[PDB]
Amino acid sequence: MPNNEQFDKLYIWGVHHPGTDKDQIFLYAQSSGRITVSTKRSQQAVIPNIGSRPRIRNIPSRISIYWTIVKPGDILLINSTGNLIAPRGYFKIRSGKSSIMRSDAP
Amino acid sequence: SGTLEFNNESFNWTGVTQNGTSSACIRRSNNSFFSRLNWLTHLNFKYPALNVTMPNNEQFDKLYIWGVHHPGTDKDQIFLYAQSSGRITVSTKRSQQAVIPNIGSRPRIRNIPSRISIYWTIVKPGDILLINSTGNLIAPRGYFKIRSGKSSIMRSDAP
Amino acid sequence: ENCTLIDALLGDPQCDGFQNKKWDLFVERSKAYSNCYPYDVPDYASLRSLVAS
Amino acid sequence: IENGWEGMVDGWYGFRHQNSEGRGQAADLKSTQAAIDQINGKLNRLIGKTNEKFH
Amino acid sequence: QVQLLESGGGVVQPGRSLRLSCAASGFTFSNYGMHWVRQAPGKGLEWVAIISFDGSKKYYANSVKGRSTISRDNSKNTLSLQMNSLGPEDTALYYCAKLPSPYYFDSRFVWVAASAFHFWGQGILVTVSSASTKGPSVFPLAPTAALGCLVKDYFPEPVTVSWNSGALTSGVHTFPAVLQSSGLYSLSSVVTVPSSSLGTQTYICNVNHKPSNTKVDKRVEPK
Ligand SMILES: *[C@@H]1O[C@H](CO)[C@@H](O[C@@H]2O[C@H](CO)[C@@H](O[C@@H]3O[C@H](CO)[C@@H](O)[C@H](O)[C@@H]3O)[C@H](O)[C@H]2NC(C)=O)[C@H](O)[C@H]1NC(C)=O
Ligand SMILES: *[C@@H]1O[C@H](CO)[C@@H](O[C@@H]2O[C@H](CO)[C@@H](O[C@@H]3O[C@H](CO)[C@@H](O)[C@H](O)[C@@H]3O)[C@H](O)[C@H]2NC(C)=O)[C@H](O)[C@H]1NC(C)=O
Ligand SMILES: *[C@@H]1O[C@H](CO)[C@@H](O[C@@H]2O[C@H](CO)[C@@H](O[C@@H]3O[C@H](CO)[C@@H](O)[C@H](O)[C@@H]3O)[C@H](O)[C@H]2NC(C)=O)[C@H](O)[C@H]1NC(C)=O
Ligand SMILES: *[C@@H]1O[C@H](CO)[C@@H](O[C@@H]2O[C@H](CO)[C@@H](O[C@@H]3O[C@H](CO)[C@@H](O)[C@H](O)[C@@H]3O)[C@H](O)[C@H]2NC(C)=O)[C@H](O)[C@H]1NC(C)=O
Ligand SMILES: *[C@@H]1O[C@H](CO)[C@@H](O[C@@H]2O[C@H](CO)[C@@H](O[C@@H]3O[C@H](CO)[C@@H](O)[C@H](O)[C@@H]3O)[C@H](O)[C@H]2NC(C)=O)[C@H](O)[C@H]1NC(C)=O
Ligand SMILES: *[C@@H]1O[C@H](CO)[C@@H](O[C@@H]2O[C@H](CO)[C@@H](O)[C@H](O)[C@H]2NC(C)=O)[C@H](O)[C@H]1NC(C)=O
């Protein structure tokens with residue numbers, strides 16, 4: 001996916017670590033995945049680590065989430081063979097003066 | 001934290017050989033190992049997949065210390081675990097970490113060409129520690145109380 | 001209200017009123033939670049801080 | 001001085017006098033004005049000068 | 001902030017008397033001493049009078065000394081000014097305003113502060129002449145492009161100009177007042193719009209003269 005605009009783009013994606021092995025087969029018809037998200041100036045490879053987790057909402061599996069910033073003129077590239085939680089689009093990311101604060105105040 | 005208060009806990013290490021020792025960890029004229037770690041090795045040439053859950057029903061956080069054994073050679077790995085490579089996954093409702101043993105010769109220290117990489121995991125009240133492995137696991141024995149104290153450390157040769 | 005900034009980002013089904021929204025200050029409530037598929041974020045704080053800014 | 005004068009409420013510094021034609025009290029003006037201007041400048045420097053810090 | 005309403009403007013025949021009254025709200029009138037200042041049309045700033053927060057001290061300008069009077073009411077939150085024996089040098093805008101002043105004109109409570117309360121009101125216009133107040137006359141003038149409306153024949157100065165119910169704010173040129181050997185005023189209001197807006201959109205000017213009950217609108221275009 002290229003980037004021909006005049007601003008940076010923030011791509012959010014992830015990888016699915018399933019709780020069991022036949023879960024992995026059922027979902028991807030193969031043993032183990034290997035995700036490689038890359039750009040002219042960056043790269044990151046993530047490996048799904050299959051294994052049972054403490055059940056949360058009766059789900060014994062997990063999702064590890066990563067982000068990748070694509071500069072103008074850059075070209076996002078995604079390579080995978082399974083366990084990929086693909087992105088749908090991109091976020092505009094600005095040089096703003098906004099922030100966050102944790103508070104229970106009304 | 002400011003304390004080493006330790007409490008053993010009885011995990012279900014069924015089907016493996018507990019209490020591994022070594023000739024570099026000498027305790028009282030006999031081979032031994034870290035008093036707080038349990039070196040799990042194979043039993044009857046078979047290392048069954050370990051899936052052990054330990055809850056936390058107290059009112060404080062618990063600190064679990066564990067590790068992974070990187071052996072110097074490959075037949076070392078076979079001799080110890082009767083399988084090619086391990087894969088350790090320590091998880092909790094709010095956390096997870098997977099560690100992979102990287103087999104390879106190291107510079108000999110105390111005639112040992114292998115290593116141990118040590119990790120820690122904090123289990124909150126109501127959480128549930130879960131351990132999953134298939135070899136090369138240096139299991140924990142119990143848990144440490146960890147407090148919101150005002151203690152600290154300082155490196156000094158002063159008497 | 002019930003949504004940490006990350007759940008609004010990924011788009012937790014209860015956190016849909018925040019889609020495409022802008023802000024100058026995000027007030028994270030202590031009662032917030034996540035009612036969707038579990039997950040964890042390597043460098044959570046870093047992503048949170050950059051999305052906030 | 002030994003103490004202050006409480007009855008003075010149209011100024012801060014004053015004269016008191018007692019001559020054969022009575023006793024009287026009258027406050028000096030420009031001294032009080034010069035003492036009020038400096039305190040007002042002090043406050044104007046102090047209050048309301050707060051800088052922004054966002055993230 | 002503070003909101004005041006000003007009353008008593010208009011035209012007073014020579015030798016007669018005026019009556020201005022500034023009534024404010026939103027702050028503590030009881031504490032602050034007030035000023036009356038005047039500004040002759042053209043240019044210049046001439047101070048008139050000053051009154052304390054109770055009425056103890058009232059001081060006047062030498063140019064009006066002995067023929068003017070100031071007053072205040074604290075229950076109605078009102079400041080007021082009177083002046084008799086008026087001439088052409090007195091026709092002006094009159095501002096009611098809290099100016100920085102010696103401290104004793106203000107209350108004990110507001111001598112020291114970091115904000116230094118201040119405000120001016122809009123002008124109150126008073127004009128002296130033979131009071132022949134008549135209605136204006138508006139003529140549109142027209143052929144890069146430029147078009148305007150010229151309004152003459154009105155003595156009371158407060159004339160306002162709007163364009164097409166008040167939408168055009170760009171290139172709007174409002175011209176200063178003009179006085180002649182006669183007593184009438186003249187004033188034109190123009191706008192430069194490039195030469196590609198004849199059939200694109202045509203405009204209408206609006207002339208609002210309040211102290212004659214006058215609202216006169218008229219379209220602008222070439223012959
Ligand atoms: C490794 O061991 C852990 C814990 O010993 C296993 O997780 C546990 O799996 C059981 C079986 O599904 C779960 O029981 C279920 O509980 C829910 C509660 O509502 C109930 O609806 C079901 O009918 C069933 O009884 C249990 O909750 C779950 N515990 C945790 C903490 O996840 C795990 O499955 C084991 N892994 C493998 C590969 O066997
Ligand atoms: C990264 O992306 C590339 C792009 O497709 C992947 O390369 C492709 O990998 C698959 C299997 O991993 C190859 O399919 C196999 O090809 C051999 C070639 O002889 C064939 O005998 C097999 O039956 C099977 O069809 C595919 O050819 C290959 N394509 C190219 C252009 O190299 C790669 O696997 C991806 N890697 C990761 C980590 O995602
Ligand atoms: C890869 O190469 C390294 C170094 O070239 C090997 O480590 C070396 O192995 C030799 C053979 O065991 C060690 O020699 C021993 O020295 C002790 C000293 O007290 C002595 O008691 C023994 O009889 C023997 O001579 C040597 O110390 C050791 N050096 C280091 C730095 O570890 C390593 O074994 C090689 N890896 C493989 C897989 O072959
Ligand atoms: C995480 O823990 C689970 C819990 O035991 C491990 O799953 C177990 O994995 C072993 C081999 O890795 C499985 O044994 C094999 O099962 C197949 C099933 O057809 C059988 O044909 C083989 O002969 C062998 O017995 C075992 O069934 C499986 N158990 C479950 C409940 O899935 C898992 O391997 C652990 N993973 C890690 C990374 O520690
Ligand atoms: C943010 O989260 C809180 C708590 O999760 C939400 O409060 C919830 O409000 C609903 C009203 O829509 C409550 O529904 C209840 O329904 C039962 C019938 O099933 C009825 O008997 C009750 O009187 C009540 O109406 C619900 O109890 C309550 N949640 C909890 C856990 O008590 C709140 O609405 C959320 N805000 C947003 C904007 O999503
Ligand atoms: C492994 O070693 C530990 C201690 O090194 C042994 O723990 C003992 O367990 C018995 C119960 O069987 C307790 O009564 C002792 O108090 C424990 N000792 C200590 C020091 O905690 C454990 O039994 C050994 N297990 C095997 C299989 O050898």
# chains A, B, ... in the order shown; residues from 1 in each chain; ligands from 1

call {"tool": "select_by_dssp", "arguments": {"residues": "chain B", "states": "strand (DSSP E)", "output": "number ranges by chain"}}
result
B: 6-8, 22-27, 30-32, 37-39, 50-55, 62-70, 88-92, 95-99, 115-123, 128-133, 137-140, 142-145

call {"tool": "residues_around", "arguments": {"residues": "residue D:39", "least_positions_apart": "5", "cutoff": "10 Å", "atoms": "only C-alpha atoms", "output": "number ranges by chain"}}
result
D: 34, 44-45; E: 111-114

call {"tool": "residues_near_ligand", "arguments": {"ligand": "ligand 2", "cutoff": "7 Å", "atoms": "only C-alpha atoms and all ligand atoms", "output": "PyMOL selection string"}}
result
chain A and resi 34-36+79-81

call {"tool": "interface_residues", "arguments": {"of": "chain B", "to": "chain C", "cutoff": "10 Å", "atoms": "only C-alpha atoms", "output": "list in words"}}
result
residues 93, 94, 95 and 96 of chain B

call {"tool": "write_last_selection", "arguments": {"atoms": "C-alpha atoms", "output": "PDB file, in the first residue's frame"}}
result
ATOM      1  CA  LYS B  93      -5.057 -12.461  32.463  1.00  0.00           C
ATOM      2  CA  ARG B  94      -3.198  -9.171  31.962  1.00  0.00           C
ATOM      3  CA  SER B  95       0.183 -10.337  30.652  1.00  0.00           C
ATOM      4  CA  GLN B  96       2.102 -12.837  28.567  1.00  0.00           C
TER       5      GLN B  96
END

call {"tool": "residues_near_ligand", "arguments": {"ligand": "ligand 4", "cutoff": "7 Å", "atoms": "only C-alpha atoms and all ligand atoms", "output": "number ranges by chain"}}
result
A: 20-21, 49-52; B: 49-51, 87-89, 132-134

call {"tool": "write_last_selection", "arguments": {"atoms": "C-alpha atoms", "output": "CSV table (one decimal), in the first residue's frame"}}
result
chain,number,residue,atom,x,y,z
A,20,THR,CA,-4.1,-24.5,21.1
A,21,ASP,CA,-2.6,-26.0,18.0
A,49,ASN,CA,3.6,-18.0,19.9
A,50,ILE,CA,0.9,-20.7,20.2
A,51,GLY,CA,-0.1,-21.7,23.8
A,52,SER,CA,-2.9,-21.7,26.3
B,49,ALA,CA,4.0,-30.8,27.6
B,50,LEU,CA,3.7,-28.9,30.9
B,51,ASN,CA,0.5,-26.9,31.5
B,87,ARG,CA,9.1,-22.9,23.9
B,88,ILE,CA,8.2,-21.3,27.3
B,89,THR,CA,5.0,-19.3,27.7
B,132,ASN,CA,3.2,-23.7,29.5
B,133,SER,CA,6.3,-25.4,28.2
B,134,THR,CA,7.9,-28.3,26.4

call {"tool": "select_by_dssp", "arguments": {"residues": "chain C", "states": "alpha helix (DSSP H)", "output": "count of residues only"}}
result
15

call {"tool": "residues_around", "arguments": {"residues": "residue D:16", "least_positions_apart": "2", "cutoff": "7 Å", "atoms": "only C-alpha atoms", "output": "short mmCIF file (atom, residue, chain, number, x, y, z; two decimals) with C-alpha atoms, in the first residue's frame"}}
result
data_model
loop_
_atom_site.label_atom_id
_atom_site.label_comp_id
_atom_site.auth_asym_id
_atom_site.auth_seq_id
_atom_site.Cartn_x
_atom_site.Cartn_y
_atom_site.Cartn_z
CA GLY D 14 -0.96 60.55 58.40
CA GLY D 24 -6.94 66.86 64.49
CA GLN D 25 -5.88 64.05 62.19
CA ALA D 26 -5.26 64.12 58.44
#

call {"tool": "residues_near_ligand", "arguments": {"ligand": "ligand 1", "cutoff": "12 Å", "atoms": "only C-alpha atoms and all ligand atoms", "output": "PyMOL selection string"}}
result
(chain A and resi 18-23+50-61) or (chain B and resi 11-12+49-56+89-93+126-133)

call {"tool": "residues_near_ligand", "arguments": {"ligand": "ligand 3", "cutoff": "12 Å", "atoms": "only C-alpha atoms and all ligand atoms", "output": "number ranges by chain"}}
result
B: 71-76, 103-114

call {"tool": "closest_atom_pairs", "arguments": {"of": "chain B", "to": "ligand 6", "cutoff": "12 Å", "atoms": "only C-alpha atoms and all ligand atoms", "output": "JSON lines"}}
result
{"residue": "B:6", "atom": "CA", "partner": "ligand 6", "partner_atom_place_in_ligand_line": "21 (O)", "distance": 10.9}
{"residue": "B:7", "atom": "CA", "partner": "ligand 6", "partner_atom_place_in_ligand_line": "21 (O)", "distance": 9.5}
{"residue": "B:8", "atom": "CA", "partner": "ligand 6", "partner_atom_place_in_ligand_line": "21 (O)", "distance": 7.1}
{"residue": "B:9", "atom": "CA", "partner": "ligand 6", "partner_atom_place_in_ligand_line": "21 (O)", "distance": 9.5}
{"residue": "B:10", "atom": "CA", "partner": "ligand 6", "partner_atom_place_in_ligand_line": "9 (O)", "distance": 9.1}
{"residue": "B:11", "atom": "CA", "partner": "ligand 6", "partner_atom_place_in_ligand_line": "25 (N)", "distance": 11.0}
{"residue": "B:12", "atom": "CA", "partner": "ligand 6", "partner_atom_place_in_ligand_line": "27 (C)", "distance": 10.9}
{"residue": "B:13", "atom": "CA", "partner": "ligand 6", "partner_atom_place_in_ligand_line": "27 (C)", "distance": 9.0}
{"residue": "B:14", "atom": "CA", "partner": "ligand 6", "partner_atom_place_in_ligand_line": "27 (C)", "distance": 9.7}
{"residue": "B:15", "atom": "CA", "partner": "ligand 6", "partner_atom_place_in_ligand_line": "27 (C)", "distance": 10.5}
{"residue": "B:16", "atom": "CA", "partner": "ligand 6", "partner_atom_place_in_ligand_line": "27 (C)", "distance": 8.9}
{"residue": "B:17", "atom": "CA", "partner": "ligand 6", "partner_atom_place_in_ligand_line": "27 (C)", "distance": 6.9}
{"residue": "B:18", "atom": "CA", "partner": "ligand 6", "partner_atom_place_in_ligand_line": "27 (C)", "distance": 5.2}
{"residue": "B:19", "atom": "CA", "partner": "ligand 6", "partner_atom_place_in_ligand_line": "1 (C)", "distance": 4.9}
{"residue": "B:20", "atom": "CA", "partner": "ligand 6", "partner_atom_place_in_ligand_line": "1 (C)", "distance": 8.6}
{"residue": "B:21", "atom": "CA", "partner": "ligand 6", "partner_atom_place_in_ligand_line": "5 (O)", "distance": 10.4}
{"residue": "B:27", "atom": "CA", "partner": "ligand 6", "partner_atom_place_in_ligand_line": "5 (O)", "distance": 11.6}
{"residue": "B:32", "atom": "CA", "partner": "ligand 6", "partner_atom_place_in_ligand_line": "5 (O)", "distance": 9.2}
{"residue": "B:33", "atom": "CA", "partner": "ligand 6", "partner_atom_place_in_ligand_line": "5 (O)", "distance": 9.1}
{"residue": "B:34", "atom": "CA", "partner": "ligand 6", "partner_atom_place_in_ligand_line": "5 (O)", "distance": 9.5}
{"residue": "B:35", "atom": "CA", "partner": "ligand 6", "partner_atom_place_in_ligand_line": "5 (O)", "distance": 6.9}
{"residue": "B:36", "atom": "CA", "partner": "ligand 6", "partner_atom_place_in_ligand_line": "5 (O)", "distance": 8.5}
{"residue": "B:37", "atom": "CA", "partner": "ligand 6", "partner_atom_place_in_ligand_line": "5 (O)", "distance": 9.2}
{"residue": "B:38", "atom": "CA", "partner": "ligand 6", "partner_atom_place_in_ligand_line": "1 (C)", "distance": 7.5}
{"residue": "B:39", "atom": "CA", "partner": "ligand 6", "partner_atom_place_in_ligand_line": "1 (C)", "distance": 9.6}
{"residue": "B:40", "atom": "CA", "partner": "ligand 6", "partner_atom_place_in_ligand_line": "27 (C)", "distance": 10.0}
{"residue": "B:41", "atom": "CA", "partner": "ligand 6", "partner_atom_place_in_ligand_line": "27 (C)", "distance": 11.3}
{"residue": "B:43", "atom": "CA", "partner": "ligand 6", "partner_atom_place_in_ligand_line": "27 (C)", "distance": 11.3}
{"residue": "B:139", "atom": "CA", "partner": "ligand 6", "partner_atom_place_in_ligand_line": "1 (C)", "distance": 11.7}
{"residue": "B:140", "atom": "CA", "partner": "ligand 6", "partner_atom_place_in_ligand_line": "3 (C)", "distance": 11.5}
{"residue": "B:141", "atom": "CA", "partner": "ligand 6", "partner_atom_place_in_ligand_line": "3 (C)", "distance": 8.6}
{"residue": "B:142", "atom": "CA", "partner": "ligand 6", "partner_atom_place_in_ligand_line": "21 (O)", "distance": 10.0}

call {"tool": "write_last_selection", "arguments": {"atoms": "C-alpha atoms", "output": "mmCIF file, in the first residue's frame"}}
result
data_model
loop_
_atom_site.group_PDB
_atom_site.id
_atom_site.type_symbol
_atom_site.label_atom_id
_atom_site.label_comp_id
_atom_site.auth_asym_id
_atom_site.auth_seq_id
_atom_site.Cartn_x
_atom_site.Cartn_y
_atom_site.Cartn_z
ATOM 1 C CA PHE B 6 9.622 -16.540 50.193
ATOM 2 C CA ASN B 7 6.779 -19.057 50.193
ATOM 3 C CA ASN B 8 7.059 -22.374 48.379
ATOM 4 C CA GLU B 9 4.085 -23.554 46.339
ATOM 5 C CA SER B 10 3.366 -27.094 45.158
ATOM 6 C CA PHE B 11 3.124 -27.120 41.378
ATOM 7 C CA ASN B 12 2.010 -30.254 39.530
ATOM 8 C CA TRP B 13 5.254 -31.147 37.746
ATOM 9 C CA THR B 14 3.866 -34.579 36.968
ATOM 10 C CA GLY B 15 5.909 -36.650 34.541
ATOM 11 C CA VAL B 16 9.266 -34.824 34.721
ATOM 12 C CA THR B 17 12.468 -35.028 36.757
ATOM 13 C CA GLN B 18 12.640 -32.280 39.377
ATOM 14 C CA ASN B 19 15.597 -30.880 41.343
ATOM 15 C CA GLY B 20 18.291 -30.830 38.693
ATOM 16 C CA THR B 21 21.790 -30.070 39.963
ATOM 17 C CA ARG B 27 26.288 -26.454 48.179
ATOM 18 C CA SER B 32 23.334 -28.347 43.836
ATOM 19 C CA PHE B 33 21.377 -25.561 42.144
ATOM 20 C CA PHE B 34 19.696 -22.249 42.942
ATOM 21 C CA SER B 35 17.715 -22.807 46.137
ATOM 22 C CA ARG B 36 14.690 -20.952 44.728
ATOM 23 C CA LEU B 37 14.671 -22.462 41.212
ATOM 24 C CA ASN B 38 13.775 -26.012 40.160
ATOM 25 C CA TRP B 39 15.653 -27.298 37.110
ATOM 26 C CA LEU B 40 13.143 -29.518 35.302
ATOM 27 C CA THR B 41 14.699 -32.234 33.125
ATOM 28 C CA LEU B 43 11.793 -38.318 32.749
ATOM 29 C CA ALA B 139 10.667 -23.601 36.979
ATOM 30 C CA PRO B 140 9.958 -21.489 40.068
ATOM 31 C CA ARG B 141 9.492 -22.974 43.518
ATOM 32 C CA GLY B 142 7.255 -20.359 45.121
#

call {"tool": "atom_distance", "arguments": {"atom1": "atom CA of residue E:129", "atom2": "atom CA of residue E:181"}}
result
13.3 Å

call {"tool": "interface_residues", "arguments": {"of": "chain A", "to": "chain C", "cutoff": "9 Å", "atoms": "only C-alpha atoms", "output": "ChimeraX atom specification"}}
result
/A:12,16,56-57,59-67,91,93-105

call {"tool": "residues_near_ligand", "arguments": {"ligand": "ligand 5", "cutoff": "10 Å", "atoms": "only C-alpha atoms and all ligand atoms", "output": "list in words"}}
result
residues 1, 2, 3, 14, 15, 16, 17, 31, 32, 33 and 35 of chain C

call {"tool": "closest_residue", "arguments": {"among": "B:147, B:115, B:100, B:135", "to": "chain A", "atoms": "only C-alpha atoms"}}
result
B:100

call {"tool": "closest_residue", "arguments": {"among": "E:65, E:16, E:76, E:108", "to": "chain D", "atoms": "only C-alpha atoms"}}
result
E:108

call {"tool": "residues_around", "arguments": {"residues": "stretch 115-118 of chain E", "least_positions_apart": "6", "cutoff": "8 Å", "atoms": "only C-alpha atoms", "output": "short mmCIF file (atom, residue, chain, number, x, y, z; two decimals) with N, CA and C atoms, in the first residue's frame"}}
result
data_model
loop_
_atom_site.label_atom_id
_atom_site.label_comp_id
_atom_site.auth_asym_id
_atom_site.auth_seq_id
_atom_site.Cartn_x
_atom_site.Cartn_y
_atom_site.Cartn_z
N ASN D 44 0.60 42.69 39.70
CA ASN D 44 0.49 42.53 38.26
C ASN D 44 1.59 41.64 37.71
N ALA E 97 -16.26 56.66 31.57
CA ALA E 97 -15.19 55.67 31.64
C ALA E 97 -14.51 55.64 33.00
N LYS E 98 -14.10 54.45 33.43
CA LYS E 98 -13.25 54.30 34.60
C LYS E 98 -11.80 54.35 34.14
N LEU E 99 -11.16 55.42 34.41
CA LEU E 99 -9.77 55.68 34.11
C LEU E 99 -8.90 55.40 35.33
N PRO E 100 -7.64 55.04 35.13
CA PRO E 100 -6.70 55.05 36.25
C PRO E 100 -6.59 56.45 36.83
#

call {"tool": "residues_around", "arguments": {"residues": "residue E:167", "least_positions_apart": "5", "cutoff": "12 Å", "atoms": "only C-alpha atoms", "output": "PyMOL selection string"}}
result
chain E and resi 161-162+172+203-206

call {"tool": "atom_distance", "arguments": {"atom1": "atom CA of residue E:200", "atom2": "atom CA of residue E:145"}}
result
12.9 Å

call {"tool": "atom_distance", "arguments": {"atom1": "atom CA of residue E:210", "atom2": "atom CA of residue E:151"}}
result
14.1 Å

call {"tool": "residues_around", "arguments": {"residues": "stretch 2-11 of chain D", "least_positions_apart": "6", "cutoff": "12 Å", "atoms": "only C-alpha atoms", "output": "PDB file with C-alpha atoms, in the first residue's frame"}}
result
ATOM      1  CA  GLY D  24      -6.936  66.858  64.489  1.00  0.00           C
ATOM      2  CA  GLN D  25      -5.879  64.046  62.187  1.00  0.00           C
ATOM      3  CA  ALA D  26      -5.255  64.118  58.436  1.00  0.00           C
ATOM      4  CA  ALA D  27      -3.671  61.512  56.167  1.00  0.00           C
ATOM      5  CA  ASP D  28      -0.950  62.232  53.618  1.00  0.00           C
ATOM      6  CA  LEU D  29      -1.923  61.288  50.073  1.00  0.00           C
ATOM      7  CA  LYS D  30       1.042  60.968  47.710  1.00  0.00           C
ATOM      8  CA  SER D  31       2.970  58.709  50.098  1.00  0.00           C
ATOM      9  CA  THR D  32       0.021  56.304  50.142  1.00  0.00           C
ATOM     10  CA  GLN D  33      -0.297  56.558  46.360  1.00  0.00           C
ATOM     11  CA  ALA D  34       3.389  55.714  45.892  1.00  0.00           C
ATOM     12  CA  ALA D  35       3.022  52.797  48.312  1.00  0.00           C
ATOM     13  CA  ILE D  36      -0.069  51.483  46.499  1.00  0.00           C
TER      14      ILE D  36
ATOM     15  CA  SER E  56     -17.498  63.287  48.291  1.00  0.00           C
ATOM     16  CA  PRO E 102      -5.534  58.733  42.303  1.00  0.00           C
ATOM     17  CA  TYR E 103      -6.573  56.029  44.730  1.00  0.00           C
ATOM     18  CA  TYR E 104      -8.947  57.971  46.999  1.00  0.00           C
ATOM     19  CA  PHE E 105     -11.480  58.187  44.154  1.00  0.00           C
ATOM     20  CA  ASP E 106     -11.904  54.407  44.505  1.00  0.00           C
ATOM     21  CA  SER E 107     -13.240  52.408  47.433  1.00  0.00           C
ATOM     22  CA  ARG E 108     -11.072  51.161  50.276  1.00  0.00           C
ATOM     23  CA  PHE E 109     -11.688  47.629  48.992  1.00  0.00           C
ATOM     24  CA  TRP E 111      -7.153  50.255  46.127  1.00  0.00           C
TER      25      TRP E 111
END
